[PDB]
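[1] Sequence and experimental coordinates follow.
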2 protein chains.
Amino acid sequence: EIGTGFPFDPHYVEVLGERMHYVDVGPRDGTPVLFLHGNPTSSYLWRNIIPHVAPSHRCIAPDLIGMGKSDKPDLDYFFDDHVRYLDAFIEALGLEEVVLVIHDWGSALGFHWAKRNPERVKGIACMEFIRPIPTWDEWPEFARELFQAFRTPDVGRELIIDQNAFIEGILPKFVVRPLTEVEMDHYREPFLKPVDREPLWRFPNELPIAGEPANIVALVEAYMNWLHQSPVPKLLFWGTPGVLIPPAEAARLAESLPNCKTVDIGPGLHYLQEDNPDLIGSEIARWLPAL
Amino acid sequence: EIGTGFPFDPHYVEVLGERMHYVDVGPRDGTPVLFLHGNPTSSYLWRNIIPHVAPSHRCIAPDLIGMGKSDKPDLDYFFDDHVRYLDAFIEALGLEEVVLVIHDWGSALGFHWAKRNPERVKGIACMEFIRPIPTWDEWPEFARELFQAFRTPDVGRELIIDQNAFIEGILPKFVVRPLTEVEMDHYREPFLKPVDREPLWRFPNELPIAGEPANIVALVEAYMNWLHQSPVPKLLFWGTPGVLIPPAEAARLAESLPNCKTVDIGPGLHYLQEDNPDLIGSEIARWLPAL
């Protein structure tokens, strides 16, 4: 049966400013065995291996920096930071030769230390260690999406805020005729500073798609249900194939909205003003006096 | 031949502490025609339609707050923000009755204003306007992925820091037998503060998959090539089906790594310690004296 206790006594050491924790049991002559844990574990992972090894060798299992009972200093916790703090943990204990028992990122660390002090590593016990993974096909399928998600950053902000996707990508995507550089530079001009793209990223995150955001969903619903009953003269322009108002939806609204005249601007996506402003303008002009 | 220039003298109005640009052309009296642009455009979007309406009617084309030549305050730029600024802008100019010409988020503003001020809207010309989108199948396929991307947050950080996925999700996912609540509480204790979950999240983002990060890929490739030529004794534990080291890969590293004994721990995924610690310690301890 697998035991749940952590029956080891806390041993602390100061190193590069931080107090790290490590279990230390076993004798003090000969070769120590250094137990290196991974993510999101700590020395507790070894609680039921160590007692088999303790009655013969020194068992040293440290809590990696920022984990376990070691102190949690505010830094990135890059791999090269665990490297710095572990090297420094080893020497802070004066360890000479060691036998390594490693797992996971513990194994990236142990292996990497052993390559940098080969003369000093007398044996390596490993399990489930980090090799390179050439393709995502070799990650087990039941875990692939989860680990693919873990490496997904702020995709929306990176497209819109960083790469300016709504100017550089959506405008030409959503106009049928090609825009010109002069036109695109007019469009680029108010968002040359990335920080100013905040509204260009909040807008699509505010769209009423699949029930969210709920507030905007209900507000749009309410004005659309006002619109469906109001006798206000309405002029709907629509293009083929459109984006938000595809041709079949323009037809339905033609009879679905009171007192609504619709106009076929021809081939259009989203910015119909940029594919056929002449027809949109003249039809507005002709429709106005009749109000 | 579509016009590229913007031949409009700039008008400005002071609306809730912020200067707002607007186009103002055409006769004074009569019912004004108010053009509302959307994302990510401005009154420039309207530039070739206005020439058709200006002969007969006043044309007012504001640049929404944060956009065009209008002031860029430090808002989040929610829809509610624009509703506050547009409303004040309409009142700032004294507009009584209007005719809206609206598109995109301009249409969401115009419609929502008109619903609150119906007796003030003499007409509505609209194009590609915002209505509730029930499912993502309603969105054009050629743009579906891009707009879902726009609405993707920091998926990695929300799972690991906010939702604690490596502790609540990966640990039981990666251990064949069930963890008890006491064991889960030992694993939870280092990171009850979500800010302290930094390494939990940076570790999977450091894994060497698909060449990223290139530097961790190289460092791990170096100690692996070192390992394949080093004669240090190695004891490789592995389970079925494993995660990082499946049975067949274990089998090949039995031959590929010199001075290597291999121990099948039986069923197992990634935290083999938690599936067969006795066999692991037992075999380490019988391996140690022969070092």
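    Perfect, thanks for sending it. Numbering: from 1, shown residues only, chains lettered A, B, ... in the order given.

[2] Contact partners for the spatially closest residue to residue A:194 that is not a sequence neighbour?
    Nearest non-adjacent residue to residue A:194, counting by Cβ to Cβ, 6 or more residues apart in numbering or on different chains: residue A:161, 5.8 Å away. Every C-beta, even on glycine, is put in place using the N, C-alpha and C of the backbone. Residue A:161 is in contact with A:194, A:195, A:197, A:198, A:200, A:201, counting by Cβ atoms under 8 Å, 6 or more residues apart in numbering or on different chains.

[3] Can you tell me which of these is nearest residue A:79?
    residue A:194 (28.9 Å; Cβ to Cβ).

[4] ok, that closest one to residue A:281 distance?
    34 Å (Cβ to Cβ, to the nearest Å).

[5] So these two - more neighbours on which side?
    More crowded of residue A:194 and residue A:281, by other Cβ atoms under 10 Å in any protein chain shown: residue A:281, with 20 against 13.

[6] Once you drop chain neighbours, what's closest to that one?
    residue B:52 (3.0 Å).

[7] All the helices of chain A, residue numbers only.
    A:50-53, A:79-92, A:105-116, A:141-150, A:155-157, A:165, A:171-173, A:181-188, A:198-206, A:214-229, A:247-256, A:272-275, A:277-287 (DSSP state H).

[8] before we move on, the earlier item: which ChimeraX command selects the buried ones in the contacts of residue A:161?
    In ChimeraX, this line selects whichever of the contacts of residue A:161 come out buried by 16 or more other Cβ atoms under 10 Å in any protein chain shown:
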select /A:197,198,200,201
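
[9] can you redo the contacts of residue A:161 as TSV with distance to residue A:64?
    Below are these laid out as TSV (distance: Cβ to Cβ, whole Å):
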residue	distance to residue A:64
A:194	36
A:195	36
A:197	38
A:198	38
A:200	41
A:201	36
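
[10] mind listing what the residue of the stretch 151-291 of chain A found nearest chain B touches?
    Nearest residue of the stretch 151-291 of chain A to chain B (Cβ to the nearest Cβ) works out as residue A:281 at 3.0 Å. Residue A:281 sits next to B:48, B:49, B:50, B:51, B:52, B:53 when contact means Cβ under 8 Å, 6+ apart.

[11] same check, this time on residue A:136
    A:144, A:148, B:209, B:210.

[12] The same query, at a cut-off of 10 Å, please.
    A:144, A:147, A:148, B:209, B:210 (Cβ atoms under 10 Å, 6 or more residues apart in numbering or on different chains).

[13] ok, the closest residue to residue A:277 other than its chain neighbours - contacts?
    The shortest distance from residue A:277 to any non-neighbouring residue, by Cβ to Cβ, 6+ apart, is to residue B:48 (3.6 Å). Contacts of residue B:48 were listed using Cβ under 10 Å, 6+ apart, and they are A:273, A:274, A:276, A:277, A:278, A:280, A:281, B:2, B:3, B:4, B:5.

[14] filter those residues to the buried ones?
    A:273, A:274, A:276, A:277, A:280, A:281.

[15] Now tabulate those residues in TSV and tack on distance to residue B:267.
    Below are these laid out as TSV (distance: Cβ to Cβ, whole Å):
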residue	distance to residue B:267
A:273	64
A:274	62
A:276	67
A:277	69
A:280	68
A:281	73
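
[16] tell me which of those is nearest to residue B:262?
    residue A:274 (66.3 Å).

[17] Spatially, which residue comes closest to that closest one, not counting chain neighbours?
    residue A:175 (4.6 Å).

[18] So the one you found sits against residue A:277, correct?
    No - using Cβ atoms under 10 Å, residue A:175 makes no contact with residue A:277, being 11.4 Å away.

[19] And the contacts of residue A:136, which of them are buried?
    Buried among the contacts of residue A:136 (16+ other Cβ under 10 Å): A:147, B:209.

[20] Dump the contacts of residue A:136 to a markdown table, plus distance to residue A:248.
    Compiled in a markdown table, these are given as follows (distance: Cβ to Cβ, whole Å):
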| residue | distance to residue A:248 |
| --- | --- |
| A:144 | 39 |
| A:147 | 42 |
| A:148 | 37 |
| B:209 | 44 |
| B:210 | 42 |
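
[21] Widest-spaced pair of the contacts of residue A:281?
    B:48 and B:53 (11.1 Å).

[22] okay, now the domains of chain A?
    Here the domain parsing of chain A from automatic domain parsing is A:10-129, A:225-291.

[23] Mind putting those domains into JSON lines with distance to residue B:16?
    Below are the domains of chain A laid out as JSON lines (distance: least, Cβ to Cβ, whole Å):
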{"stretch": "domain A:10-129", "distance to residue B:16": "38"}
{"stretch": "domain A:225-291", "distance to residue B:16": "26"}
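
[24] Could you identify which of these is most buried?
    domain A:10-129 (a mean of 20; mean count of other Cβ atoms under 10 Å in any protein chain shown).

[25] Name the residue closest to the centre of chain A, please.
    By Cα atoms, centre = their mean, chain A has its centre lying nearest to residue A:153, at 2.4 Å.

[26] Counting neighbours, what do you get for the residue lying closest to that residue once chain neighbours are set aside?
    For residue A:153, ignoring the flanking residues on the chain, the nearest one in space by Cβ to Cβ, 6+ apart is residue B:154 at 5.8 Å. Counted by other Cβ under 10 Å, the residues lying close to residue B:154 total 18.

[27] what's the answer for the one 4 residues further on, then?
    Applying the criterion other Cβ under 10 Å, we find 15 residues in the vicinity of residue B:158.

[28] for the one 10 residues further on, same thing?
    Other residues within reach of residue B:168 by the criterion other Cβ under 10 Å amount to 14.

[29] how close does it sit to residue A:210?
    Residue B:168 is 26 Å from residue A:210, by Cβ to Cβ.

[30] what do you get for residue A:158?
    22 Å.

[31] ditto for residue A:228
    Relative to residue A:210, and taking Cβ to Cβ, residue A:228 is found at 21 Å.

[32] Then residue A:11?
    Distance from residue A:11 to residue A:210, by Cβ to Cβ: 54 Å.

[33] buried sites along stretch A:136-153?
    Going by 16+ other Cβ under 10 Å, stretch A:136-153 has these buried residues: A:139, A:140, A:143, A:146, A:147, A:149, A:150, A:151, A:152.

[34] that older thread, farthest pair in the buried ones among the contacts of residue B:48?
    A:274 and A:281 (12.6 Å).

[35] ok, residue A:235 - contacts?
    Residue A:235 neighbours (Cβ under 10 Å, 6+ apart): A:259-263, A:280, A:283-284, A:286-288, B:99, B:101, B:123-127.

[36] same question but for residue A:251, I mixed them up
    A:238, A:262 are the contacts of residue A:251 under Cβ under 10 Å, 6+ apart.

[37] about what we covered before: can you list residues touching both of residue A:175 and residue A:277?
    residue A:271.

[38] Find the closest residue to chain B in the stretch 1-150 of chain A.
    Closest point on the stretch 1-150 of chain A to chain B, by Cβ to the nearest Cβ, is residue A:52, at 2.8 Å.

[39] you'd agree residue A:246 is up against residue B:131?
    No - using Cβ under 10 Å as the test, residue A:246 is too far from residue B:131 to be in contact (11.6 Å).
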